[PDB]
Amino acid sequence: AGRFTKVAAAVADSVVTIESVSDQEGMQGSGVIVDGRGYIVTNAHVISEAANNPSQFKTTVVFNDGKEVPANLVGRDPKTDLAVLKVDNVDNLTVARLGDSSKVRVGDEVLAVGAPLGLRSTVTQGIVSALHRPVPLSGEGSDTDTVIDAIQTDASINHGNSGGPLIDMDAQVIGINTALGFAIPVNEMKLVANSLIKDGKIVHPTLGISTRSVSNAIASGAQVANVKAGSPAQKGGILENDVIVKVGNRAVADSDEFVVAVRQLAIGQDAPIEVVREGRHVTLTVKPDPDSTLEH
């Protein structure tokens, strides 16, 4: 039995097809069983239509054995492109083994595994091409766009394995395949999926800033395009045309890294923002606000 054939077969029982159907449309994605109680992780694109139109869409989970079971949305995070479903009272679930994405290295051989019974399902193979790679993701429909620190791989990521797991050579989940490919790292998945299970919602920091990327010999980074009124950046002293070069402890190369670095800040705590303003370096102090004040 082939080296990858063994790994793909070892995780197949833990990967599921996620099907949302109305009486006029129907889409399919993949997900991974992450808890014996019936919790399933996918990406926010796979469920986007059912989450946004729950009156007309019904979501089911199809297992490796062919069983079809109703599924309910536990919670979703368009900002990290993650979501959690729940199947109730399903016995003998084969829960996937979650790895540690902090131990993943460039060159590691990986499999991007889609649901074995999906219509256009795929299983692809490659290596890890980059780590902590900020990548912009387009929201599927009415979902807002976002940027994530992704694991980059030259394994093909497509409709046939979107939402399925990125698997290392120990048959462990190291990532969730997004919609030259990218995956949400499993350690960030664990944090997001746990809070979506405790709270049904994730609260992310916000500053009230929109940026555009700039790269030149003076000052490269994320140039402040807009500051919202009454925003944390508004009170912290951030001004337009400022070129943000550092957010907290993370240097910011462009707008993509800016979005990701902001989400690493602590809500309600002072934090430094370094900018280049009219050719002058300036450090500012900002207290991020929660993006969802009622859930915080």
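So that there is no doubt, residue numbering starts at 1 and follows the sequence shown.
- Missing coordinates between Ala179 and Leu180 amount to 10 or more residues of the deposited sequence.
- When 103-111 is weighed against 116-124, 116-124 comes out higher, by mean CA B-factor as recorded in the entry.
- Annotation for 168-176 versus 86-94: the higher mean temperature factor (C-alpha) is found in 86-94.
- The PDB entry assigns its highest CA temperature factor, among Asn216, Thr206, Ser129, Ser156, to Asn216.
- Note on the listed residues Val259, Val245, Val46, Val61: the highest Cα temperature factor in the record is that of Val245.
- The entry lists a Cα temperature factor for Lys79 that places it in the lowest third of the chain's modelled residues.
- In this PDB entry, the Cα temperature factor of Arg3 sits in the bottom third of its chain's modelled residues, the lowest group.
- In the deposited entry, the Cα temperature factor of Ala10 places it in the lowest third of its chain's modelled residues.
- Looking at the C-alpha B-factors along this chain, the one for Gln269 belongs to the highest third.
- Ranked against the other modelled residues of its chain, the C-alpha B-factor of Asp145 as given in the entry falls in the middle third.
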